[PDB]
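Source file: target_7.cif. Holds: mmCIF, C-alpha atoms and all ligand atoms.
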```cif
data_work
loop_
_atom_site.label_atom_id
_atom_site.label_comp_id
_atom_site.auth_asym_id
_atom_site.auth_seq_id
_atom_site.Cartn_x
_atom_site.Cartn_y
_atom_site.Cartn_z
CA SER V 1 40.39 -3.51 11.59
CA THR V 2 38.05 -0.75 10.45
CA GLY V 3 37.70 2.04 7.92
CA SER V 4 35.61 5.18 7.48
CA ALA V 5 35.56 7.64 4.59
CA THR V 6 33.52 10.76 3.84
CA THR V 7 31.28 10.67 0.75
CA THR V 8 30.22 13.87 -1.03
CA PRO V 9 27.53 14.68 -3.62
CA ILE V 10 28.87 15.50 -7.10
CA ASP V 11 26.31 18.25 -7.63
CA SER V 12 23.51 20.21 -5.98
CA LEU V 13 21.01 17.55 -7.05
CA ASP V 14 22.77 14.59 -5.41
CA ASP V 15 23.08 12.86 -8.79
CA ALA V 16 25.90 10.74 -7.35
CA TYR V 17 28.38 10.57 -4.46
CA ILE V 18 32.19 10.39 -4.63
CA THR V 19 34.57 9.01 -1.99
CA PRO V 20 38.36 9.44 -1.96
CA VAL V 21 40.33 6.21 -2.41
CA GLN V 22 44.10 5.69 -2.18
CA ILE V 23 45.61 3.38 -4.80
CA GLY V 24 49.23 2.29 -5.18
CA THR V 25 52.58 3.20 -3.65
CA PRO V 26 53.11 5.98 -3.25
CA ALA V 27 49.39 6.62 -2.90
CA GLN V 28 47.40 7.95 -5.85
CA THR V 29 44.07 9.38 -4.68
CA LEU V 30 41.04 9.06 -6.95
CA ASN V 31 37.40 9.96 -6.23
CA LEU V 32 35.32 6.84 -6.80
CA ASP V 33 31.56 6.21 -6.93
CA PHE V 34 30.70 3.41 -4.45
CA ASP V 35 28.32 1.07 -6.26
CA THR V 36 26.47 -1.61 -4.33
CA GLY V 37 24.86 -2.57 -7.64
CA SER V 38 28.06 -3.71 -9.34
CA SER V 39 31.13 -5.74 -8.37
CA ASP V 40 33.94 -4.21 -10.42
CA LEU V 41 36.61 -1.76 -9.25
CA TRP V 42 37.61 0.23 -12.34
CA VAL V 43 39.37 3.57 -12.76
CA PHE V 44 40.38 5.98 -15.55
CA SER V 45 44.12 5.49 -16.17
CA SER V 46 47.19 6.09 -18.29
CA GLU V 47 45.87 3.42 -20.67
CA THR V 48 42.53 5.12 -21.24
CA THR V 49 42.01 6.40 -24.79
CA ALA V 50 43.31 9.96 -24.56
CA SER V 51 40.25 11.19 -26.43
CA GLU V 52 37.97 9.65 -23.81
CA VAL V 53 39.32 11.50 -20.79
CA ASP V 54 38.11 14.99 -19.91
CA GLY V 55 39.27 16.36 -16.58
CA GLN V 56 39.27 13.16 -14.53
CA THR V 57 42.18 12.07 -12.32
CA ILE V 58 43.86 8.99 -13.81
CA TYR V 59 45.73 6.10 -12.21
CA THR V 60 49.28 5.57 -13.51
CA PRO V 61 50.27 1.99 -12.70
CA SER V 62 53.81 2.66 -13.88
CA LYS V 63 54.20 5.15 -11.03
CA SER V 64 53.19 2.59 -8.40
CA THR V 65 55.75 0.14 -7.04
CA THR V 66 53.13 -2.32 -5.78
CA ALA V 67 51.34 -2.43 -9.14
CA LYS V 68 51.54 -5.70 -11.08
CA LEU V 69 49.91 -6.54 -14.42
CA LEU V 70 47.57 -9.56 -14.33
CA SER V 71 48.63 -11.20 -17.57
CA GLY V 72 45.87 -12.09 -20.00
CA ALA V 73 43.13 -10.73 -17.74
CA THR V 74 40.58 -8.39 -19.32
CA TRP V 75 37.22 -6.92 -18.29
CA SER V 76 34.04 -5.50 -19.81
CA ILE V 77 31.06 -3.96 -18.03
CA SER V 78 27.66 -2.60 -19.03
CA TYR V 79 25.31 -0.58 -16.81
CA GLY V 80 21.53 -0.40 -16.77
CA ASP V 81 22.41 3.11 -17.88
CA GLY V 82 23.57 1.86 -21.28
CA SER V 83 26.93 2.89 -19.89
CA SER V 84 29.95 0.69 -20.70
CA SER V 85 33.63 0.38 -19.85
CA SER V 86 36.44 -2.09 -20.55
CA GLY V 87 40.17 -2.65 -20.44
CA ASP V 88 42.96 -4.51 -18.67
CA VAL V 89 43.66 -5.50 -15.09
CA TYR V 90 46.35 -4.87 -12.49
CA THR V 91 46.76 -5.82 -8.81
CA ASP V 92 47.68 -3.12 -6.27
CA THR V 93 47.25 -1.86 -2.72
CA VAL V 94 43.98 -0.01 -2.07
CA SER V 95 43.07 1.95 1.05
CA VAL V 96 39.68 3.36 2.03
CA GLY V 97 39.54 5.59 5.10
CA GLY V 98 42.46 3.83 6.76
CA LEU V 99 41.47 0.26 5.86
CA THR V 100 44.12 -1.28 3.62
CA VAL V 101 43.82 -4.25 1.28
CA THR V 102 46.82 -5.65 -0.62
CA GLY V 103 46.58 -7.53 -3.90
CA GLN V 104 43.23 -5.96 -4.81
CA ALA V 105 42.21 -6.13 -8.48
CA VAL V 106 42.27 -2.66 -10.04
CA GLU V 107 40.60 -2.67 -13.46
CA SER V 108 42.26 -0.13 -15.72
CA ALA V 109 40.02 1.42 -18.35
CA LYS V 110 41.22 1.41 -21.95
CA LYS V 111 37.83 2.45 -23.31
CA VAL V 112 35.07 4.47 -21.63
CA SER V 113 31.55 5.38 -22.79
CA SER V 114 30.63 9.00 -23.47
CA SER V 115 28.56 9.25 -20.29
CA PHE V 116 31.69 8.72 -18.18
CA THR V 117 33.86 11.12 -20.18
CA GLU V 118 31.18 13.75 -19.57
CA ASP V 119 31.45 13.28 -15.78
CA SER V 120 34.61 15.04 -14.65
CA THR V 121 33.97 14.47 -10.94
CA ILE V 122 33.99 10.66 -11.11
CA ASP V 123 37.36 8.97 -11.53
CA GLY V 124 36.04 5.42 -11.43
CA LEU V 125 33.74 3.03 -9.58
CA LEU V 126 34.10 0.70 -6.58
CA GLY V 127 31.61 -2.17 -6.73
CA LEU V 128 30.12 -3.41 -3.48
CA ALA V 129 27.71 -6.10 -4.71
CA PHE V 130 28.55 -9.83 -4.60
CA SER V 131 31.68 -11.07 -6.33
CA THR V 132 29.74 -13.37 -8.64
CA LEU V 133 29.09 -10.26 -10.70
CA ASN V 134 32.75 -9.47 -11.37
CA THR V 135 33.46 -9.19 -15.08
CA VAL V 136 37.14 -10.14 -14.94
CA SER V 137 38.13 -13.04 -17.17
CA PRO V 138 39.31 -15.63 -17.61
CA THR V 139 39.76 -15.43 -13.83
CA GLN V 140 36.96 -13.69 -11.92
CA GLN V 141 38.07 -11.29 -9.18
CA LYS V 142 36.76 -10.54 -5.69
CA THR V 143 35.46 -7.14 -4.55
CA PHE V 144 37.23 -4.87 -2.06
CA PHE V 145 34.73 -5.75 0.67
CA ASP V 146 35.33 -9.45 0.03
CA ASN V 147 39.07 -8.93 0.40
CA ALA V 148 38.71 -7.00 3.65
CA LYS V 149 36.03 -9.18 5.22
CA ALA V 150 38.55 -11.44 6.92
CA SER V 151 40.31 -8.52 8.57
CA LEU V 152 37.21 -6.55 9.55
CA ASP V 153 36.11 -6.40 13.19
CA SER V 154 32.73 -7.30 11.67
CA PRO V 155 31.87 -8.39 8.09
CA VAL V 156 29.76 -5.29 7.56
CA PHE V 157 29.72 -1.89 5.89
CA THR V 158 27.29 0.99 6.43
CA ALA V 159 25.88 3.60 4.07
CA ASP V 160 24.90 7.03 5.42
CA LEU V 161 24.27 9.29 2.43
CA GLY V 162 23.40 12.91 3.10
CA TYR V 163 20.71 15.07 1.50
CA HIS V 164 22.54 17.96 -0.19
CA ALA V 165 25.39 17.26 2.22
CA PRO V 166 28.36 14.97 2.93
CA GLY V 167 27.82 11.47 4.27
CA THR V 168 29.81 8.48 5.48
CA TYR V 169 30.83 4.97 4.45
CA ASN V 170 32.08 2.80 7.34
CA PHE V 171 33.73 -0.62 7.15
CA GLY V 172 33.89 -3.11 10.01
CA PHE V 173 31.62 -1.41 12.55
CA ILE V 174 28.21 0.11 13.25
CA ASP V 175 28.20 3.72 14.48
CA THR V 176 25.35 3.59 17.00
CA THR V 177 25.61 7.39 17.00
CA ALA V 178 24.53 7.80 13.39
CA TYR V 179 20.91 6.70 13.69
CA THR V 180 17.81 6.90 15.87
CA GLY V 181 15.73 4.08 17.32
CA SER V 182 16.58 0.50 16.39
CA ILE V 183 17.93 -1.13 13.24
CA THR V 184 15.46 -3.46 11.49
CA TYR V 185 17.16 -6.30 9.61
CA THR V 186 15.65 -8.06 6.60
CA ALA V 187 16.57 -11.15 4.61
CA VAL V 188 18.74 -10.79 1.53
CA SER V 189 18.73 -12.99 -1.59
CA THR V 190 22.06 -13.38 -3.41
CA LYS V 191 20.68 -15.46 -6.26
CA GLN V 192 21.29 -12.72 -8.81
CA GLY V 193 24.34 -11.35 -7.02
CA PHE V 194 22.69 -8.14 -5.81
CA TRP V 195 21.77 -6.92 -2.30
CA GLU V 196 18.24 -8.11 -3.04
CA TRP V 197 15.48 -7.78 -0.45
CA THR V 198 11.70 -7.55 -0.16
CA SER V 199 9.87 -4.43 0.99
CA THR V 200 6.63 -4.88 2.91
CA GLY V 201 4.58 -2.13 1.32
CA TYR V 202 4.21 1.63 0.95
CA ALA V 203 2.26 4.78 1.75
CA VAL V 204 1.80 8.09 -0.10
CA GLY V 205 1.87 11.17 2.12
CA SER V 206 -0.40 10.83 5.15
CA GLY V 207 -2.23 8.09 3.27
CA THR V 208 -2.96 4.60 4.53
CA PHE V 209 -0.14 2.05 4.30
CA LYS V 210 -0.53 -0.61 1.61
CA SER V 211 0.80 -4.06 2.50
CA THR V 212 2.32 -5.40 -0.72
CA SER V 213 5.57 -7.26 -1.38
CA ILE V 214 8.08 -5.28 -3.42
CA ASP V 215 11.25 -7.11 -4.47
CA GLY V 216 14.10 -4.74 -5.31
CA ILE V 217 17.81 -4.17 -4.73
CA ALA V 218 19.68 -1.63 -2.56
CA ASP V 219 21.80 0.22 -5.16
CA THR V 220 23.96 3.17 -4.10
CA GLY V 221 25.02 3.47 -7.73
CA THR V 222 21.53 4.50 -8.85
CA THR V 223 20.23 8.04 -8.35
CA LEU V 224 16.49 7.52 -8.34
CA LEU V 225 13.87 5.19 -6.88
CA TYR V 226 12.38 2.78 -9.44
CA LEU V 227 9.12 1.09 -8.48
CA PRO V 228 6.29 -0.78 -10.24
CA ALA V 229 3.90 1.17 -12.45
CA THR V 230 0.99 0.78 -10.05
CA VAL V 231 2.88 2.24 -7.09
CA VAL V 232 4.41 5.10 -9.08
CA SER V 233 1.03 6.00 -10.53
CA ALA V 234 -0.49 6.19 -7.04
CA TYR V 235 2.21 8.60 -5.88
CA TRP V 236 2.01 10.99 -8.82
CA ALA V 237 -1.79 11.07 -8.78
CA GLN V 238 -1.39 13.07 -5.57
CA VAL V 239 0.59 15.81 -7.33
CA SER V 240 -1.47 18.37 -9.22
CA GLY V 241 -0.25 18.85 -12.77
CA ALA V 242 2.09 15.86 -12.59
CA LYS V 243 2.15 13.59 -15.63
CA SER V 244 4.20 11.10 -17.63
CA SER V 245 6.07 12.67 -20.55
CA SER V 246 7.17 10.40 -23.42
CA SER V 247 9.53 13.11 -24.67
CA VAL V 248 11.21 13.51 -21.29
CA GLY V 249 10.99 9.81 -20.53
CA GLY V 250 9.35 9.85 -17.12
CA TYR V 251 7.08 11.66 -14.68
CA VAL V 252 7.39 15.44 -14.50
CA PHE V 253 5.58 18.01 -12.33
CA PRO V 254 5.09 21.79 -12.07
CA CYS V 255 8.12 23.16 -10.24
CA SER V 256 5.82 25.13 -7.94
CA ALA V 257 4.02 22.05 -6.64
CA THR V 258 4.68 20.63 -3.16
CA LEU V 259 5.63 16.95 -3.17
CA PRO V 260 4.18 14.54 -0.60
CA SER V 261 6.49 12.16 1.30
CA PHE V 262 6.84 8.47 0.41
CA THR V 263 6.96 5.65 2.98
CA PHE V 264 8.50 2.25 2.31
CA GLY V 265 8.18 -0.78 4.56
CA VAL V 266 11.01 -2.75 6.15
CA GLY V 267 9.53 -5.57 8.20
CA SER V 268 7.21 -3.92 10.73
CA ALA V 269 9.22 -0.70 10.49
CA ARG V 270 8.77 2.26 8.16
CA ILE V 271 11.21 4.61 6.42
CA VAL V 272 9.82 8.01 5.39
CA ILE V 273 11.29 9.88 2.41
CA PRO V 274 10.57 13.63 2.67
CA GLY V 275 8.95 15.11 -0.42
CA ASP V 276 11.96 17.41 -0.81
CA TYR V 277 14.14 14.41 -1.68
CA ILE V 278 11.88 13.60 -4.64
CA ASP V 279 12.38 16.90 -6.44
CA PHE V 280 14.97 16.60 -9.18
CA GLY V 281 14.86 20.11 -10.54
CA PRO V 282 13.90 21.62 -13.91
CA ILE V 283 14.04 19.15 -16.80
CA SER V 284 15.89 21.95 -18.61
CA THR V 285 17.51 25.23 -17.57
CA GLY V 286 14.79 27.82 -17.10
CA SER V 287 11.97 25.30 -17.51
CA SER V 288 8.97 25.43 -15.19
CA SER V 289 8.66 21.63 -15.38
CA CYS V 290 10.60 19.52 -12.86
CA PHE V 291 11.77 15.90 -12.94
CA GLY V 292 10.45 13.42 -10.38
CA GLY V 293 12.60 11.27 -8.13
CA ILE V 294 10.22 8.30 -8.29
CA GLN V 295 9.93 6.61 -11.70
CA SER V 296 8.52 3.37 -13.08
CA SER V 297 10.60 0.21 -13.33
CA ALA V 298 8.44 -1.25 -16.10
CA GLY V 299 11.27 -0.88 -18.58
CA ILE V 300 14.09 -1.89 -16.24
CA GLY V 301 12.90 -5.35 -15.26
CA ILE V 302 13.75 -4.87 -11.60
CA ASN V 303 12.81 -2.47 -8.79
CA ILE V 304 15.64 -0.25 -7.60
CA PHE V 305 15.98 1.42 -4.21
CA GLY V 306 18.48 4.07 -5.30
CA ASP V 307 20.02 7.05 -3.52
CA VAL V 308 16.61 8.71 -3.17
CA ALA V 309 15.44 6.03 -0.75
CA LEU V 310 18.79 5.06 0.74
CA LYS V 311 19.74 8.58 1.81
CA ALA V 312 16.65 8.74 4.01
CA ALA V 313 18.00 6.00 6.30
CA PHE V 314 21.13 4.51 7.90
CA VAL V 315 21.91 1.40 5.86
CA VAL V 316 23.69 -1.67 7.16
CA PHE V 317 25.01 -4.21 4.64
CA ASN V 318 25.74 -7.32 6.73
CA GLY V 319 28.03 -9.56 4.72
CA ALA V 320 27.78 -12.41 7.22
CA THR V 321 27.59 -16.04 6.05
CA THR V 322 23.86 -15.29 5.80
CA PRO V 323 23.75 -11.74 4.40
CA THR V 324 21.16 -9.33 5.75
CA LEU V 325 20.13 -5.69 5.17
CA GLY V 326 19.54 -3.32 8.08
CA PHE V 327 17.47 -0.14 7.92
CA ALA V 328 17.17 2.62 10.52
CA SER V 329 15.79 6.17 10.63
CA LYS V 330 18.23 9.05 11.18
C1 LIG G 401 20.94 -3.33 -16.63
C2 LIG G 401 21.59 -4.43 -17.45
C3 LIG G 401 23.11 -4.35 -17.50
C4 LIG G 401 23.62 -4.67 -18.90
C5 LIG G 401 23.74 -5.26 -16.45
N1 LIG G 401 24.72 -4.56 -15.62
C6 LIG G 401 24.56 -4.49 -14.30
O1 LIG G 401 23.60 -4.98 -13.72
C7 LIG G 401 25.64 -3.73 -13.52
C8 LIG G 401 26.57 -4.72 -12.83
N2 LIG G 401 24.97 -2.91 -12.48
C9 LIG G 401 24.08 -1.98 -12.84
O2 LIG G 401 23.79 -1.76 -14.01
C10 LIG G 401 23.43 -1.19 -11.71
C11 LIG G 401 22.35 -2.05 -11.04
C12 LIG G 401 20.93 -1.65 -11.40
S1 LIG G 401 20.15 -2.70 -12.64
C13 LIG G 401 20.90 -4.28 -12.34
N3 LIG G 401 24.42 -0.76 -10.73
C14 LIG G 401 24.30 0.66 -10.47
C15 LIG G 401 24.90 1.46 -11.62
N4 LIG G 401 24.00 2.50 -12.09
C16 LIG G 401 26.35 1.79 -11.90
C17 LIG G 401 26.60 3.12 -12.53
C18 LIG G 401 27.11 4.17 -11.78
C19 LIG G 401 27.35 5.40 -12.35
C20 LIG G 401 27.10 5.60 -13.70
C21 LIG G 401 26.60 4.56 -14.46
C22 LIG G 401 26.35 3.33 -13.87
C23 LIG G 401 24.36 -6.49 -17.13
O3 LIG G 401 25.56 -6.79 -16.89
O4 LIG G 401 23.66 -7.15 -17.91
#
```

Take the structure in the file and write it out as structure tokens.
Ligand SMILES: CC[C@H](C)[C@H](NC(=O)[C@H](C)NC(=O)[C@@H](CCSC)NC[C@@H](N)Cc1ccccc1)C(=O)O
Amino acid sequence: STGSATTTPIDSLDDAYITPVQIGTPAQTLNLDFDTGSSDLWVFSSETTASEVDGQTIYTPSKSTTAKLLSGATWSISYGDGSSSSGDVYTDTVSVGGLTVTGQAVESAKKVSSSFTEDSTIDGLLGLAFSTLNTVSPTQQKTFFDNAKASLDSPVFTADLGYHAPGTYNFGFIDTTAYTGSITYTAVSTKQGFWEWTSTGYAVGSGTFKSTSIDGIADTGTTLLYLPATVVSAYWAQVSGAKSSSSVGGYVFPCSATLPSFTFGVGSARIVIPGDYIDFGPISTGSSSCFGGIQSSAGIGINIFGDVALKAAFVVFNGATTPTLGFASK
């Protein structure tokens, strides 16, 4: 079996991507943010504090005939964002682009942080990291990918995010039509439960490639690209007027400047991120200062290859017995 769904940016800056998901019977369609950095499938619902919902589409378990409450089960999640959500759990049928999974854990939100309430275009999240990260207790739950694995033609899923355009999420197969050249696979570490890999180095613009090991995680749930201070400094030094602002909390640059591309290494292969992808617009409406798409990870504790880097390639998440990450140009 297979599945394929279209993913769309929530705004003109590609802050996040939403993908339609069918939950329950009859089907209740909600637009979820596919997160390969988390392992929980939560959605705004009829249980969510009325004051905490502002325009989102909610899931009403009572209206689904396949919905069943998982007695005593609760959940609580926190994001690197400072974001948080919690509530109860139900089991229901979930379908993504034609691929159906029965008995999937659907975490119903009773409480949602302000950040979420503010985002009217996101109805919930669908975690695609490893199940060891699930926050359901006392009994931990498996992710949607984990539940489909068995039925997939291949235990894989691909990420093809678009730049200021719609993209695709495929389950069970590799569209050899979506990329150019060959796919370069790299080893993945599951120790921390993330799609953790090691990049072989980087290059700034037409500059010489620097061979250095960069351990980070492929996270579709993160907007930007977070790298070590040394690397980030080398990139920004090439942009006239660019500088780190303590008030803004990151590197900013004159909106009129032209950004150089950024190259990251994958084995002997190289993925080039056009400078256009790094521009995050005016820090504030009307401002002549723009926010950079490449920031330091000094305060995060881990390097993150977010949407900024991921959208520049065709990404294969091989969930085989020995997980691997595949990268290809497109
Ligand atoms: C960063 C530290 C937090 C607290 C950590 N949580 C995590 O690692 C969770 C699973 N994953 C995440 O926080 C991140 C992974 C990067 S750091 C590990 N997943 C992407 C994420 N931004 C989800 C999101 C999407 C839209 C809006 C907001 C947030 C924890 O449990 O300790």

Kindly assemble as JSON lines a list of the chain V residues that lie within 9 Å of ligand LIG 401 (chain G), each paired with its nearest atom pair and their distance in Å to one decimal, using only C-alpha atoms and all ligand atoms, sorted first by chain and then by ascending residue number.
```
{"residue": "V:16", "atom": "CA", "partner": "G:LIG401", "partner_atom": "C19", "distance": 7.5}
{"residue": "V:33", "atom": "CA", "partner": "G:LIG401", "partner_atom": "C18", "distance": 6.9}
{"residue": "V:34", "atom": "CA", "partner": "G:LIG401", "partner_atom": "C18", "distance": 8.2}
{"residue": "V:35", "atom": "CA", "partner": "G:LIG401", "partner_atom": "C14", "distance": 5.8}
{"residue": "V:36", "atom": "CA", "partner": "G:LIG401", "partner_atom": "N3", "distance": 6.8}
{"residue": "V:37", "atom": "CA", "partner": "G:LIG401", "partner_atom": "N3", "distance": 3.6}
{"residue": "V:38", "atom": "CA", "partner": "G:LIG401", "partner_atom": "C8", "distance": 3.9}
{"residue": "V:39", "atom": "CA", "partner": "G:LIG401", "partner_atom": "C8", "distance": 6.5}
{"residue": "V:40", "atom": "CA", "partner": "G:LIG401", "partner_atom": "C8", "distance": 7.8}
{"residue": "V:77", "atom": "CA", "partner": "G:LIG401", "partner_atom": "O3", "distance": 6.3}
{"residue": "V:78", "atom": "CA", "partner": "G:LIG401", "partner_atom": "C4", "distance": 4.5}
{"residue": "V:79", "atom": "CA", "partner": "G:LIG401", "partner_atom": "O2", "distance": 3.4}
{"residue": "V:80", "atom": "CA", "partner": "G:LIG401", "partner_atom": "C1", "distance": 3.0}
{"residue": "V:81", "atom": "CA", "partner": "G:LIG401", "partner_atom": "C21", "distance": 5.6}
{"residue": "V:82", "atom": "CA", "partner": "G:LIG401", "partner_atom": "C4", "distance": 7.0}
{"residue": "V:83", "atom": "CA", "partner": "G:LIG401", "partner_atom": "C21", "distance": 5.7}
{"residue": "V:84", "atom": "CA", "partner": "G:LIG401", "partner_atom": "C21", "distance": 8.1}
{"residue": "V:115", "atom": "CA", "partner": "G:LIG401", "partner_atom": "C20", "distance": 7.7}
{"residue": "V:116", "atom": "CA", "partner": "G:LIG401", "partner_atom": "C20", "distance": 7.1}
{"residue": "V:122", "atom": "CA", "partner": "G:LIG401", "partner_atom": "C19", "distance": 8.6}
{"residue": "V:124", "atom": "CA", "partner": "G:LIG401", "partner_atom": "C19", "distance": 8.7}
{"residue": "V:125", "atom": "CA", "partner": "G:LIG401", "partner_atom": "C18", "distance": 7.1}
{"residue": "V:127", "atom": "CA", "partner": "G:LIG401", "partner_atom": "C8", "distance": 8.3}
{"residue": "V:129", "atom": "CA", "partner": "G:LIG401", "partner_atom": "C8", "distance": 8.3}
{"residue": "V:133", "atom": "CA", "partner": "G:LIG401", "partner_atom": "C8", "distance": 6.4}
{"residue": "V:134", "atom": "CA", "partner": "G:LIG401", "partner_atom": "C8", "distance": 7.9}
{"residue": "V:135", "atom": "CA", "partner": "G:LIG401", "partner_atom": "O3", "distance": 8.5}
{"residue": "V:194", "atom": "CA", "partner": "G:LIG401", "partner_atom": "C13", "distance": 7.8}
{"residue": "V:217", "atom": "CA", "partner": "G:LIG401", "partner_atom": "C12", "distance": 7.8}
{"residue": "V:218", "atom": "CA", "partner": "G:LIG401", "partner_atom": "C11", "distance": 8.9}
{"residue": "V:219", "atom": "CA", "partner": "G:LIG401", "partner_atom": "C14", "distance": 5.9}
{"residue": "V:220", "atom": "CA", "partner": "G:LIG401", "partner_atom": "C14", "distance": 6.9}
{"residue": "V:221", "atom": "CA", "partner": "G:LIG401", "partner_atom": "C14", "distance": 4.0}
{"residue": "V:222", "atom": "CA", "partner": "G:LIG401", "partner_atom": "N4", "distance": 4.5}
{"residue": "V:223", "atom": "CA", "partner": "G:LIG401", "partner_atom": "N4", "distance": 7.7}
{"residue": "V:300", "atom": "CA", "partner": "G:LIG401", "partner_atom": "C1", "distance": 7.0}
{"residue": "V:301", "atom": "CA", "partner": "G:LIG401", "partner_atom": "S1", "distance": 8.2}
{"residue": "V:302", "atom": "CA", "partner": "G:LIG401", "partner_atom": "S1", "distance": 6.8}
{"residue": "V:303", "atom": "CA", "partner": "G:LIG401", "partner_atom": "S1", "distance": 8.3}
{"residue": "V:304", "atom": "CA", "partner": "G:LIG401", "partner_atom": "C12", "distance": 6.7}
{"residue": "V:306", "atom": "CA", "partner": "G:LIG401", "partner_atom": "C14", "distance": 8.5}
```

Distance criterion (all atoms listed in the file): nearest to residue 28 in chain V out of V:206, V:199, V:95, V:113: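 Comparing V:206, V:199, V:95, V:113 against residue 28 in chain V, the winner is V:95.
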
10 Å contact set for residue 233 in chain V, only C-alpha atoms, chain neighbours under 6 positions out, as a PyMOL selection string: chain V and resi 227+243-244+251+294-296

Protein, DNA and RNA residues within 6 Å of (37.2, 5.4, -14.0), only C-alpha atoms, as JSON, numbers by chain: {"V": [42, 43, 44, 123, 124]}

Neighbour residues at most 7 Å from (27.8, 3.6, 6.1) (only C-alpha atoms) as an NGL selection string: :V and (157-160 or 168-170 or 314-316)

Nearest residue to residue 96 in chain V from the set V:260, V:20, V:138, V:293 (distances using all atoms listed in the file): V:20

Counting all atoms listed in the file, the option among V:139, V:200, V:285, V:263 closest to residue 75 in chain V: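 Of V:139, V:200, V:285, V:263, the one nearest residue 75 in chain V, counting all atoms listed in the file, is V:139.
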
Shell of 7 Å around residue 261 in chain V, all atoms listed in the file, local chain residues under 3 positions omitted, as number ranges by chain: V: 204-205, 272-275

Shell around residue 106 in chain V at 12 Å using all atoms listed in the file, local window under 4 positions removed, as a ChimeraX atom specification: /V:21-24,39-45,59-61,66-70,73-75,87-94,101-102,124-127,134,136,141-144

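The coordinates place CA of residue 192 in chain V at 27.7 Å from CA of residue 3 in chain V.
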
Where's the centre, and what are the edge lengths in Å to one decimal, of a box along x, y and z enclosing all listed atoms of range 178-193 of chain V padded 8 Å per side, as AutoDock Vina command-line options?
```
--center_x 20.0 --center_y -3.8 --center_z 4.3 --size_x 25.1 --size_y 39.3 --size_z 42.1
```

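Our summary of the geometry notes that CA of residue 321 in chain V is positioned 12.1 Å from CA of residue 189 in chain V.
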
Two-atom distance - CA of residue 11 in chain V, CA of residue 257 in chain V (Å): 22.6 Å

Non-local contacts of residue 203 in chain V (8 Å; all atoms listed in the file; under 4 positions in same chain excluded) as number ranges by chain: V: 207-210, 262-264
